[PDB]
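Here's the structure, in structure tokens; my notes come after.
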Amino acid sequence: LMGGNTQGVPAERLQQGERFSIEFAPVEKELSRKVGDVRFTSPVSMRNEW
Amino acid sequence: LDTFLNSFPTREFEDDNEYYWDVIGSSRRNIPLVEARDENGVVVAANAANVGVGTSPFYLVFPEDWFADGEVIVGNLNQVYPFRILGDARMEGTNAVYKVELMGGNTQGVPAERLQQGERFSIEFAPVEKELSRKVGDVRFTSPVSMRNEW
Amino acid sequence: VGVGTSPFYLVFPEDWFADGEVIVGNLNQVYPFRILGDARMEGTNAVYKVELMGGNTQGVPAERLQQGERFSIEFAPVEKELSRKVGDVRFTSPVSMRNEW
Amino acid sequence: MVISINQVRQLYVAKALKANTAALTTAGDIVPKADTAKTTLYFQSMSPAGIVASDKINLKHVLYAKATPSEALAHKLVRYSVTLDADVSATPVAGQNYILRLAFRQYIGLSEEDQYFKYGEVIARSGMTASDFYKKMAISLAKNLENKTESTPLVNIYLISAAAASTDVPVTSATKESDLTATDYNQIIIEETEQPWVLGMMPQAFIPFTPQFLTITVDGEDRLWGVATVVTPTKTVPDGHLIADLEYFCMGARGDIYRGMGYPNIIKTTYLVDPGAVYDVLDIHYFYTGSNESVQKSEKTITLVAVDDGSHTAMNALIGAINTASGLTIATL
Amino acid sequence: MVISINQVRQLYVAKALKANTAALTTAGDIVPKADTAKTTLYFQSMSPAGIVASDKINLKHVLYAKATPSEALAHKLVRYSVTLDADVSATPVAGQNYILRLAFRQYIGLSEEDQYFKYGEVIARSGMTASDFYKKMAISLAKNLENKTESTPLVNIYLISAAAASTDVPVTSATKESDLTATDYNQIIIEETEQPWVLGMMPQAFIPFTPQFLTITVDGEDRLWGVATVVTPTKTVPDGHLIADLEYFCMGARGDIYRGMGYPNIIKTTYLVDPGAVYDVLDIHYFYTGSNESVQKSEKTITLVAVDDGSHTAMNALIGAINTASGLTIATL
Amino acid sequence: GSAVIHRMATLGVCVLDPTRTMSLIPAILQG
Amino acid sequence: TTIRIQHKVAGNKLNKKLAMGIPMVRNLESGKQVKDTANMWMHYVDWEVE
Amino acid sequence: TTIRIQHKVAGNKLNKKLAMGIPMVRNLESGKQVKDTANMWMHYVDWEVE
Amino acid sequence: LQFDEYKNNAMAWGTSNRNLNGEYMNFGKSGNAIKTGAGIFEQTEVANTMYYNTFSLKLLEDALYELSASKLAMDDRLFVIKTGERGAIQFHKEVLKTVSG
Amino acid sequence: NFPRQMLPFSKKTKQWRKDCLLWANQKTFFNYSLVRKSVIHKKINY
Amino acid sequence: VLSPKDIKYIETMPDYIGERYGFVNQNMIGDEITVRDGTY
Amino acid sequence: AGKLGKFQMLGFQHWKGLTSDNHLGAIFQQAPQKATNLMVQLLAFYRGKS
Amino acid sequence: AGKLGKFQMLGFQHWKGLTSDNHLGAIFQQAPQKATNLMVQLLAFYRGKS
């Protein structure tokens with residue numbers, strides 16, 4: 001937990017169905033190591049007949 | 001191995017994908033026989049008597065539907081025992097059973113050794129009578145294959 | 001011994017083979033031996049962890065792994081993705097003759 | 001489907017155990033092989049076209065090896081209890097339009113912005129109780145959300161009688177008003193449903209939803225009508241489709257990278273996992289480092305799948321074949 | 001495997017025989033439905049995507065109906081027994097070269113003008129007997145034929161011990177004459193193999209052969225040294241690669257004619273015939289005649305397959321269900 | 001670093017119809 | 001002596017195009033398949049009946 | 001705030017042409033997927049890293 | 001030079017390690033499968049390959065004729081045997097055995 | 001990948017000229033020139 | 001040669017700022033970079 | 001009958017007489033035509049880049 | 001995440017980070033190239049015109 005939080009996250013906010021999104025990747029200023037990754041996609045198709 | 005390898009030419013490709021090409025074969029087929037049956041359904045054995053005596057009809061079981069109605073086909077001995085096919089192929093699963101009868105004026109029939117498994121059968125023609133006849137024969141098609149290679 | 005493309009070992013009295021080279025025995029090209037890792041030197045000998053390469057799902061015969069069978073380096077294959085260093089390079093040295101006046 | 005890898009992943013189906021390289025007779029067997037010096041572990045699996053070994057794991061370079069049951073790979077289908085807010089009105093008021101909006105959030109895309117909004121509505125009348133309301137709304141949603149014209153199954157909706165309170169009476173678009181015969185209805189449960197699945201082309205995914213209520217005038221002030229609490233799930237989608245889509249992916253590391261591209265010319269790789277069976281999964285994640293200045297590690301992992309018969313018999317016998325042979329403590333599940 | 005048709009042909013796999021329309025639940029189910037007036041026959045079947053019906057056979061317009069068992073569709077692999085000729089010499093004469101020429105007739109093509117030849121050669125010694133000749137001949141045959149770098153297995157080689165006279169002693173390229181220890185060999189059996197197969201793309205075809213001999217000078221006269229006769233077949237090719245080929249064709253009369261062609265943009269037909277099981281095939285053939293002037297017939301057929309284990313228990317139940325509903329007299333296999 | 005010269009290359013030889021190549025190999029070079 | 005032949009084709013094969021996944025062959029008189037680039041299906045029916 | 005990102009690719013993807021069975025798309029910054037006609041793979045990676 | 005010999009032994013004396021199910025049998029250092037294709041001498045040895053113990057013109061002539069009786073026209077029946085050095089003297093002393101008879 | 005410059009002038013279109021500039025922006029900051037030094041080496045001297 | 005659309009790119013710029021443009025390093029042996037004042 | 005290499009996908013196929021659409025579809029001479037100008041972009045109000 | 005038409009057999013697919021060749025084949029972007037100049041005729045002495 002970032003933000004200086006000391007008392008923890010309430011257990012009713014860690015349930016099934018809780019949605020998690022990507023904010024950013026903060027690193028230390030001296031001697032940081034590599035974080036983050038890169039996300040891809042691909043489409044679909046449809047059909048018809050006579 | 002440079003004198004051996006450079007005796008062969010080279011070929012340039014776009015990328016490191018596996019590559020394929022067209023392979024063309026040939027067309028002239030003859031169908032091997034699986035079994036031969038008399039007119040009651042009993043399979044002809046190797047030591048059986050003559051089959052189709054007196055131009056009596058008998059059956060001829062092939063693994064494919066290749067010959068048609070009214071066509072004359074011949075065994076390993078071509079033109080000596082010609083068989084005339086009396087109708088379309090009756091399917092037995094994948095097998096094709098033609099009720100055939102002889103077409104050479106032969107009164108004594110075909111021997112039982114010339115009706116066994118592994119005998120090649122080609123097509124000759126499809127004759128009719130000169131008046132009032134109906135349609136006989138049919139036509140056949142083929143296809144090619146392909147081959148790949150790796151890096 | 002290579003019954004299921006299983007590792008085994010080949011002890012040679014000189015360190016002449018490399019990290020990922022495919023070597024062959026007295027019968028070339030039928031029994032291709034890919035070296036797994038460097039050689040562990042047992043004094044002057046060297047043992048190479050070795051598996052079979054060319055599709056061998058039966059393994060080499062035990063007669064083809066006896067003492068005296070000469071082995072030859074073929075090449076050093078890798079895969080297309082994320083490959084690492086294999087192979088090495090060998091050299092030779094000259095000896096001198098002499099005459100006087 | 002397509003998954004992420006820590007620089008490789010390769011899967012071996014463990015359909016049967018033989019413990020020796022001479023008994024590998026039918027397709028899909030496994031033998032975890034290791035020598036007496038506990039330094040090398042590999043799996044000789046009998047493929048449909050010969051004996052194929054694994055990558056030789058160096059046992060001083062394993063990282064984690066944990067085996068997962070099949071009840072932890074089942075996506076639980078969530079439920080939503082749609083009721084009348086009794087603080088608003090205990091009985092339905094005889095004039096207002098009682099409309100419920102379902103907010104679907106991933107309808108044909110992947111993003112929360114590909115939405116879908118489906119509805120059901122009751123005009124409540126005089127003397128209409130709550131059980132006659134829930135009887136009249138579950139049909140008004142089943143004509144919308146469980147109809148035979150719809151492209152995809154959206155939700156599975158149900159009704160609960162207060163005397164039973166545990167079993168559901170399912171309502172479909174063909175269910176008439178005389179089929180639901182109970183004077184003690186008390187809630188309407190809307191449950192997620194299993195979307196379609198194609199091996200490799202269409203992965204297993206789910207369309208989420210939230211029942212939201214429209215405002216009615218009670219007294220003179222427009223109030224909300226309902227309340228929707230998340231009931232604990234009862235129906236779970238099995239593990240058959242997540243492992244078939246995992247094997248179909250991981251056969252392409254040891255095999256053809258294209259799967260069927262160009263169809264006169266494909267290599268039919270035979271797949272061994274059944275999509276109608278539940279599977280246990282064990283992952284041995286390791287790496288490679290040479291005895292040189294090249295000390296950077298190349299992470300690898302091996303997935304072993306085996307059929308579950310309810311008591312995890314094939315996987316715990318597979319783990320015991322790995323622990324005694326290799327000297328790792330893979331925890332029996 | 002493309003087949004020929006009179007007109008259209010439809011295949012339905014019979015995995016389990018039920019008795020009611022409402023009991024058709026598992027993929028592969030079938031119920032032969034008819035009237036009580038016995039004027040129409042059709043087959044309600046359960047597809048993997050719902051219950052389907054067949055075409056409505058008018059029972060006055062049936063032509064023939066016969067059911068083919070599984071052992072009638074088993075290809076009998078032909079064998080050739082190579083012996084030394086008794087009239088030339090029963091004992092191999094010393095210093096003469098005994099070269100055998102195997103003459104194949106259909107090497108990669110569909111026709112005999114594409115031929116292929118594999119040889120085997122033995123020079124005899126002064127103390128070589130007949131049994132020691134067949135030891136060195138069949139090792140020299142298997143060294144040429146059954147190498148591991150070959151494209152397809154063409155023929156299998158088997159010796160016969162004279163004392164046993166019923167058990168084939170197989171020789172491979174790895175077989176040594178140290179392992180062939182019997183002192184009484186009388187013939188070398190050359191037997192053709194099962195060619196590879198993938199459904200729809202490669203049919204089940206065979207490459208026939210004939211072992212031919214060259215001449216030797218026994219007493220100054222050029223005689224060919226052996227005789228090669230065709231013994232009875234001992235092994236059978238199972239029915240599974242033919243019916244899974246047969247369903248692949250007749251699943252295009254019902255569904256998609258485009259199988260796989262624009263590969264991600266396809267309809268994928270799921271087949272319910274396992275290629276690892278033999279089948280009993282029933283082909284009921286019938287037609288349709290129009291009302292007034294359309295008296296030309298539309299000769300079609302309906303194919304039904306059913307797996308047996310030993311005795312035909314599943315197809316004889318299906319013939320019994322077609323008979324007790326439609327009222328035909330199909331013969332029970 | 002160690003001073004390692006790495007080199008890498010891809011290749012492949014296609015024989016289209018191997019029915020047009022005939023070989024007689026001595027029996028001591030097989031099996 | 002007199003002979004006869006017949007071959008029936010479907011109705012929709014009037015201008016049936018072939019999409020050529022594998023290249024369409026045409027059996028010559030010599031018994032050799034040759035590659036043909038003609039796209040219609042009736043170019044291969046009219047050769048075979050001849 | 002100090003942030004960081006990283007992508008790792010295999011070495012064989014230098015000139016890796018895409019035989020597009022389905023059309024290859026780029027994610028827009030707006031959330032949309034836009035169909036692209038480029039055939040080299042590293043054109044699509046380097047879009048998503050930025 | 002000794003990477004030229006790597007590409008000369010991989011082009012000519014190389015082998016394939018794939019199944020009939022398309023699976024590879026050998027995996028490299030980074031988990032990926034070491035993909036190899038057959039060289040010259042493992043592709044040309046799938047057909048028309050005979051293993052003899054003693055060379056004779058009874059065998060070579062009757063194997064080159066039956067290859068040329070079904071496949072080659074009568075004008076186009078020229079076969080250039082490629083062999084080694086001592087295979088030329090084994091062909092010299094065997095035609096001389098045929099000619100002296 | 002730099003686009004092919006072995007083209008007729010009709011195939012040097014609006015998107016081809018734009019693809020040459022998106023290459024120079026994205027890829028090259030290479031500074032691998034045989035006879036001239038590196039930008040951090042000259043900047044120290046300045 | 002600048003379209004009226006391209007003028008609105010110049011004309012929609014936030015404000016001003018004003019030799020640390022930005023740094024690239026090729027052939028990096030390692031991942032460990034140290035910066036908080038503005039040089040790496 | 002047989003194979004030219006270890007990797008040969010197809011076998012030579014043949015039929016007689018009446019050719020139907022599955023006779024032409026199973027010999028890989030029938031493929032669906034890609035509608036090029038027909039293209040469905042999914043309707044959404046995209047609140048990326050805002 | 002479901003279907004929009006009946007024959008939407010393709011589903012939207014996604015992954016993270018390192019992409020191999022296998023990720024490029026599961027999304028149907030890799031196909032075997034056809035060496036079009038390579039064409040073989042199986043060698044025989046055809047006697048159909050004989």
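Letters for chains follow the order of the structure tokens (A, B, ...), residue numbers begin at 1 for each chain, and ligand numbers begin at 1 in the order shown.
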
- Message: Residues within 8 Å of segment 32-39 of chain G, please, as a ChimeraX atom specification. Count only C-alpha atoms; anything in the same chain fewer than 2 positions from it doesn't count.
- Response: /B:24-27 /G:17-19,23-30,41,43 /M:46

Using C-alpha atoms, can you export the residues from the last selection as a PDB file, in the first residue's frame?
```pdb
ATOM      1  CA  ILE B  24       1.727 -32.803 -59.166  1.00  0.00           C
ATOM      2  CA  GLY B  25       1.246 -36.528 -59.709  1.00  0.00           C
ATOM      3  CA  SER B  26      -0.499 -38.655 -62.337  1.00  0.00           C
ATOM      4  CA  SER B  27      -3.993 -39.755 -63.273  1.00  0.00           C
TER       5      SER B  27
ATOM      6  CA  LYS G  17     -15.594 -20.142 -59.637  1.00  0.00           C
ATOM      7  CA  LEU G  18     -12.818 -22.191 -58.045  1.00  0.00           C
ATOM      8  CA  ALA G  19     -10.936 -20.426 -55.264  1.00  0.00           C
ATOM      9  CA  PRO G  23      -3.977 -25.569 -57.798  1.00  0.00           C
ATOM     10  CA  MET G  24      -6.632 -27.174 -59.976  1.00  0.00           C
ATOM     11  CA  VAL G  25      -5.288 -29.881 -62.257  1.00  0.00           C
ATOM     12  CA  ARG G  26      -6.467 -31.122 -65.639  1.00  0.00           C
ATOM     13  CA  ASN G  27      -5.777 -34.724 -66.624  1.00  0.00           C
ATOM     14  CA  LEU G  28      -4.082 -34.780 -70.024  1.00  0.00           C
ATOM     15  CA  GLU G  29      -4.300 -37.535 -72.615  1.00  0.00           C
ATOM     16  CA  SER G  30      -0.812 -38.804 -71.733  1.00  0.00           C
ATOM     17  CA  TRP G  41     -15.534 -25.410 -63.022  1.00  0.00           C
ATOM     18  CA  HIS G  43     -13.434 -25.792 -67.996  1.00  0.00           C
TER      19      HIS G  43
ATOM     20  CA  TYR M  46       3.982 -41.529 -69.213  1.00  0.00           C
TER      21      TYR M  46
END
```

- Message: Could you go through chain L and tell me which residues DSSP, when run on the backbone, assigns to alpha helix (DSSP H), listing them as a VMD selection string?
- Response: chain L and resid 21 to 25

Selection from above, N, CA and C atoms, as an mmCIF file, in the first residue's frame, can you write it?
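Heads up, here's the output in part23.cif:
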```
data_model
loop_
_atom_site.group_PDB
_atom_site.id
_atom_site.type_symbol
_atom_site.label_atom_id
_atom_site.label_comp_id
_atom_site.auth_asym_id
_atom_site.auth_seq_id
_atom_site.Cartn_x
_atom_site.Cartn_y
_atom_site.Cartn_z
ATOM 1 N N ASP L 21 -21.212 -29.447 -54.198
ATOM 2 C CA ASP L 21 -20.429 -28.387 -53.579
ATOM 3 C C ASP L 21 -19.468 -28.916 -52.526
ATOM 4 N N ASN L 22 -19.825 -29.991 -51.820
ATOM 5 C CA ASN L 22 -18.858 -30.588 -50.908
ATOM 6 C C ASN L 22 -17.805 -31.393 -51.647
ATOM 7 N N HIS L 23 -18.093 -31.824 -52.878
ATOM 8 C CA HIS L 23 -17.051 -32.393 -53.724
ATOM 9 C C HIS L 23 -16.031 -31.341 -54.119
ATOM 10 N N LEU L 24 -16.464 -30.091 -54.264
ATOM 11 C CA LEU L 24 -15.573 -28.981 -54.570
ATOM 12 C C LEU L 24 -15.067 -28.268 -53.326
ATOM 13 N N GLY L 25 -15.746 -28.428 -52.189
ATOM 14 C CA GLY L 25 -15.262 -27.830 -50.962
ATOM 15 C C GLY L 25 -14.219 -28.664 -50.256
#
```

- Message: Would you pick out the contacts of segment 4-18 of chain M at 10 Å or less, using only C-alpha atoms, so that residues sharing its chain but fewer than 4 positions from it are not included, and give the list as a PyMOL selection string?
- Response: (chain A and resi 36-48) or (chain D and resi 1-8+107-110+150-152+196-205) or (chain E and resi 264-268) or (chain H and resi 6-10+22+45) or (chain M and resi 23+26-27)

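The two copies, chain H and chain G, share one sequence, and their C-alpha RMSD after a least-squares fit comes to 0.3 Å.
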
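Once chain E has been superposed on chain D by least squares across all Cα atoms, the two differ by an RMSD of 0.6 Å.
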
- Task: Can you pull out every residue within 8 Å of residue 190 of chain D, counting only C-alpha atoms, but drop anything in the same chain fewer than 4 positions away, and send it as number ranges by chain?
- Result: D: 79-82, 155-158

How close does chain E get to chain D? List, as a Markdown table, each residue of chain E within 7 Å, its nearest atom pair and the distance in Å to one decimal, counting only C-alpha atoms.
```
| residue | atom | partner | partner_atom | distance |
| --- | --- | --- | --- | --- |
| E:260 | CA | D:263 | CA | 6.0 |
| E:261 | CA | D:263 | CA | 5.3 |
| E:263 | CA | D:261 | CA | 5.9 |
```

Include N, CA, C and O atoms and write out the residues we just selected as a compact mmCIF listing (two decimals), in the first residue's frame.
```
# COMPACT_ATOMS: atom_id res chain seq x y z
N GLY E 260 -12.62 -24.91 -43.15
CA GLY E 260 -11.30 -24.46 -42.78
C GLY E 260 -10.63 -23.47 -43.70
O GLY E 260 -9.56 -22.98 -43.35
N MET E 261 -11.25 -23.11 -44.84
CA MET E 261 -10.50 -22.54 -45.96
C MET E 261 -9.98 -21.14 -45.67
O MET E 261 -8.77 -20.88 -45.78
N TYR E 263 -9.05 -19.48 -42.77
CA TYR E 263 -8.98 -20.27 -41.54
C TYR E 263 -9.55 -19.64 -40.27
O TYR E 263 -10.29 -20.33 -39.56
```

Pull out every residue of chain B that has at least one atom within 9 Å of chain G, counting only C-alpha atoms, and report them as a CSV table (one decimal) with N, CA, C and O atoms, in the first residue's frame.
```
chain,number,residue,atom,x,y,z
B,22,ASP,N,3.8,-26.8,-54.7
B,22,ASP,CA,2.9,-27.7,-55.3
B,22,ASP,C,3.5,-28.9,-55.7
B,22,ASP,O,4.7,-28.9,-56.2
B,24,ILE,N,2.6,-32.3,-58.1
B,24,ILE,CA,1.7,-32.8,-59.2
B,24,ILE,C,2.1,-34.3,-59.4
B,24,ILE,O,3.2,-34.6,-59.6
B,25,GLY,N,1.0,-35.1,-59.5
B,25,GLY,CA,1.2,-36.5,-59.7
B,25,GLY,C,0.8,-37.0,-61.1
B,25,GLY,O,1.1,-36.4,-62.1
B,26,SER,N,0.0,-38.1,-61.1
B,26,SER,CA,-0.5,-38.7,-62.3
B,26,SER,C,-1.9,-39.1,-62.1
B,26,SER,O,-2.5,-39.0,-61.0
B,27,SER,N,-2.5,-39.6,-63.2
B,27,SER,CA,-4.0,-39.8,-63.3
B,27,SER,C,-4.5,-41.2,-63.5
B,27,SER,O,-5.6,-41.5,-63.1
B,28,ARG,N,-3.7,-42.0,-64.3
B,28,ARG,CA,-4.2,-43.2,-64.8
B,28,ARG,C,-4.3,-44.3,-63.7
B,28,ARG,O,-3.3,-44.8,-63.3
B,125,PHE,N,-14.6,-49.3,-72.1
B,125,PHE,CA,-15.6,-48.5,-72.9
B,125,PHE,C,-17.0,-48.8,-72.3
B,125,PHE,O,-17.1,-49.4,-71.2
B,126,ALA,N,-18.0,-48.3,-72.9
B,126,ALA,CA,-19.4,-48.5,-72.5
B,126,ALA,C,-20.3,-48.6,-73.7
B,126,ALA,O,-20.8,-47.7,-74.2
B,127,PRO,N,-20.4,-49.9,-74.2
B,127,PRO,CA,-21.2,-50.1,-75.4
B,127,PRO,C,-22.7,-50.3,-75.1
B,127,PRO,O,-23.1,-50.7,-74.0
B,128,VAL,N,-23.5,-50.0,-76.2
B,128,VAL,CA,-24.9,-50.1,-76.1
B,128,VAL,C,-25.4,-50.9,-77.3
B,128,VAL,O,-24.6,-51.3,-78.2
B,129,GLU,N,-26.7,-51.0,-77.4
B,129,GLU,CA,-27.3,-51.5,-78.6
B,129,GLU,C,-27.7,-50.4,-79.5
B,129,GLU,O,-27.9,-49.2,-79.1
B,130,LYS,N,-27.8,-50.6,-80.8
B,130,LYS,CA,-27.9,-49.6,-81.8
B,130,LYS,C,-29.2,-48.8,-81.9
B,130,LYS,O,-29.3,-47.8,-82.5
B,134,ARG,N,-30.4,-46.5,-73.6
B,134,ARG,CA,-30.4,-45.5,-72.6
B,134,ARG,C,-29.0,-45.3,-72.1
B,134,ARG,O,-28.1,-46.0,-72.6
B,135,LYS,N,-28.8,-44.3,-71.3
B,135,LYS,CA,-27.5,-43.8,-71.0
B,135,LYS,C,-26.6,-44.7,-70.2
B,135,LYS,O,-27.1,-45.3,-69.2
B,136,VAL,N,-25.3,-44.7,-70.5
B,136,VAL,CA,-24.3,-45.5,-69.8
B,136,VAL,C,-23.0,-44.7,-69.6
B,136,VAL,O,-22.8,-43.7,-70.3
B,137,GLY,N,-22.2,-45.2,-68.7
B,137,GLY,CA,-20.9,-44.6,-68.5
B,137,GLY,C,-20.9,-43.3,-67.6
B,137,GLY,O,-22.0,-42.8,-67.3
B,138,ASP,N,-19.7,-42.8,-67.3
B,138,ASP,CA,-19.6,-41.6,-66.5
B,138,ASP,C,-18.1,-41.2,-66.6
B,138,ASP,O,-17.3,-41.8,-67.4
B,139,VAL,N,-17.7,-40.1,-65.9
B,139,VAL,CA,-16.4,-39.5,-66.0
B,139,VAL,C,-15.8,-39.3,-64.6
B,139,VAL,O,-16.5,-39.3,-63.6
B,140,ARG,N,-14.5,-39.1,-64.5
B,140,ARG,CA,-13.7,-39.2,-63.3
B,140,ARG,C,-12.7,-38.0,-63.2
B,140,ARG,O,-12.2,-37.6,-64.2
B,141,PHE,N,-12.5,-37.5,-62.0
B,141,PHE,CA,-11.6,-36.4,-61.7
B,141,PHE,C,-10.6,-36.7,-60.6
B,141,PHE,O,-10.8,-37.7,-59.9
B,142,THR,N,-9.5,-35.9,-60.5
B,142,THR,CA,-8.4,-36.1,-59.6
B,142,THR,C,-8.0,-34.8,-59.0
B,142,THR,O,-8.6,-33.8,-59.2
B,143,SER,N,-6.9,-34.8,-58.2
B,143,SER,CA,-6.4,-33.7,-57.5
B,143,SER,C,-5.0,-33.8,-57.1
B,143,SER,O,-4.4,-34.9,-57.1
B,144,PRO,N,-4.2,-32.7,-56.9
B,144,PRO,CA,-2.8,-32.8,-56.5
B,144,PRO,C,-2.6,-32.7,-55.0
B,144,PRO,O,-3.6,-32.7,-54.2
B,145,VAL,N,-1.3,-32.7,-54.6
B,145,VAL,CA,-0.9,-32.6,-53.1
B,145,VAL,C,0.1,-31.5,-53.0
B,145,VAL,O,0.4,-30.7,-53.9
B,146,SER,N,0.7,-31.4,-51.8
B,146,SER,CA,1.7,-30.4,-51.5
B,146,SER,C,2.7,-31.0,-50.5
B,146,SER,O,2.5,-32.0,-49.8
```

- Could you please tell me, as an MDAnalysis selection string, which residues of chain C have an atom within 7 Å of chain D when using only C-alpha atoms? chainID C and resid 4:5 57

- Interface list for chain L, partner chain G, 6 Å threshold, only C-alpha atoms, as a PyMOL selection string: chain L and resi 18+28-31

How would the residues just picked look written out with N, CA and C atoms as a compact mmCIF listing (two decimals), in the first residue's frame?
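Listed below is the output, result09.txt:
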```txt
# COMPACT_ATOMS: atom_id res chain seq x y z
N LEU L 18 -21.10 -37.23 -60.52
CA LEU L 18 -21.79 -36.01 -60.12
C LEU L 18 -20.99 -35.27 -59.05
N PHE L 28 -10.64 -28.30 -51.54
CA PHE L 28 -10.06 -27.00 -51.20
C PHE L 28 -10.17 -26.00 -52.34
N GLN L 29 -11.17 -26.15 -53.20
CA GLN L 29 -11.41 -25.23 -54.30
C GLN L 29 -12.63 -24.35 -54.06
N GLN L 30 -13.02 -24.17 -52.80
CA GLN L 30 -14.15 -23.33 -52.45
C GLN L 30 -13.81 -22.59 -51.16
N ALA L 31 -13.79 -21.26 -51.22
CA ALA L 31 -13.43 -20.42 -50.09
C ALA L 31 -14.39 -19.25 -49.98
```

Counting only C-alpha atoms, which residues of chain I sit at most 12 Å from some atom of chain B, and what is each one's closest atom pair with its distance in Å to one decimal, listed by chain and rising residue number, as JSON lines?
```
{"residue": "I:1", "atom": "CA", "partner": "B:2", "partner_atom": "CA", "distance": 11.1}
{"residue": "I:2", "atom": "CA", "partner": "B:1", "partner_atom": "CA", "distance": 11.9}
{"residue": "I:4", "atom": "CA", "partner": "B:2", "partner_atom": "CA", "distance": 8.9}
{"residue": "I:5", "atom": "CA", "partner": "B:1", "partner_atom": "CA", "distance": 7.7}
{"residue": "I:6", "atom": "CA", "partner": "B:1", "partner_atom": "CA", "distance": 10.5}
{"residue": "I:7", "atom": "CA", "partner": "B:1", "partner_atom": "CA", "distance": 9.7}
{"residue": "I:8", "atom": "CA", "partner": "B:1", "partner_atom": "CA", "distance": 6.0}
{"residue": "I:9", "atom": "CA", "partner": "B:1", "partner_atom": "CA", "distance": 7.9}
{"residue": "I:10", "atom": "CA", "partner": "B:151", "partner_atom": "CA", "distance": 10.3}
{"residue": "I:11", "atom": "CA", "partner": "B:5", "partner_atom": "CA", "distance": 8.1}
{"residue": "I:12", "atom": "CA", "partner": "B:5", "partner_atom": "CA", "distance": 7.5}
{"residue": "I:13", "atom": "CA", "partner": "B:1", "partner_atom": "CA", "distance": 10.2}
{"residue": "I:14", "atom": "CA", "partner": "B:151", "partner_atom": "CA", "distance": 10.9}
{"residue": "I:15", "atom": "CA", "partner": "B:151", "partner_atom": "CA", "distance": 10.9}
{"residue": "I:16", "atom": "CA", "partner": "B:150", "partner_atom": "CA", "distance": 8.9}
{"residue": "I:17", "atom": "CA", "partner": "B:150", "partner_atom": "CA", "distance": 10.9}
{"residue": "I:18", "atom": "CA", "partner": "B:150", "partner_atom": "CA", "distance": 10.2}
{"residue": "I:22", "atom": "CA", "partner": "B:150", "partner_atom": "CA", "distance": 11.5}
{"residue": "I:34", "atom": "CA", "partner": "B:151", "partner_atom": "CA", "distance": 10.8}
{"residue": "I:35", "atom": "CA", "partner": "B:151", "partner_atom": "CA", "distance": 7.4}
{"residue": "I:36", "atom": "CA", "partner": "B:151", "partner_atom": "CA", "distance": 6.3}
{"residue": "I:37", "atom": "CA", "partner": "B:150", "partner_atom": "CA", "distance": 5.2}
{"residue": "I:38", "atom": "CA", "partner": "B:150", "partner_atom": "CA", "distance": 8.0}
{"residue": "I:39", "atom": "CA", "partner": "B:151", "partner_atom": "CA", "distance": 9.6}
{"residue": "I:40", "atom": "CA", "partner": "B:5", "partner_atom": "CA", "distance": 9.4}
{"residue": "I:41", "atom": "CA", "partner": "B:5", "partner_atom": "CA", "distance": 11.7}
{"residue": "I:43", "atom": "CA", "partner": "B:149", "partner_atom": "CA", "distance": 10.1}
{"residue": "I:82", "atom": "CA", "partner": "B:4", "partner_atom": "CA", "distance": 10.7}
{"residue": "I:83", "atom": "CA", "partner": "B:4", "partner_atom": "CA", "distance": 11.8}
```

Give me the residues of chain H that have any atom at most 9 Å from an atom of chain J; for each, the nearest atom pair and the distance in Å, rounded to one decimal. Use only C-alpha atoms, sort by chain and number, and format it as a tab-separated table.
```
residue	atom	partner	partner_atom	distance
H:14	CA	J:1	CA	8.3
H:15	CA	J:1	CA	7.3
H:40	CA	J:1	CA	8.2
H:42	CA	J:1	CA	8.8
H:43	CA	J:1	CA	8.7
H:46	CA	J:26	CA	8.4
```

Could you write out that same residue set with C-alpha atoms as a short mmCIF file (atom, residue, chain, number, x, y, z; two decimals), in the first residue's frame?
```cif
data_model
loop_
_atom_site.label_atom_id
_atom_site.label_comp_id
_atom_site.auth_asym_id
_atom_site.auth_seq_id
_atom_site.Cartn_x
_atom_site.Cartn_y
_atom_site.Cartn_z
CA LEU H 14 13.55 -7.70 -36.24
CA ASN H 15 11.97 -8.22 -39.67
CA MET H 40 5.98 -5.62 -39.66
CA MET H 42 7.84 -3.97 -34.38
CA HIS H 43 5.71 -1.17 -35.83
CA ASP H 46 6.64 0.59 -30.57
#
```
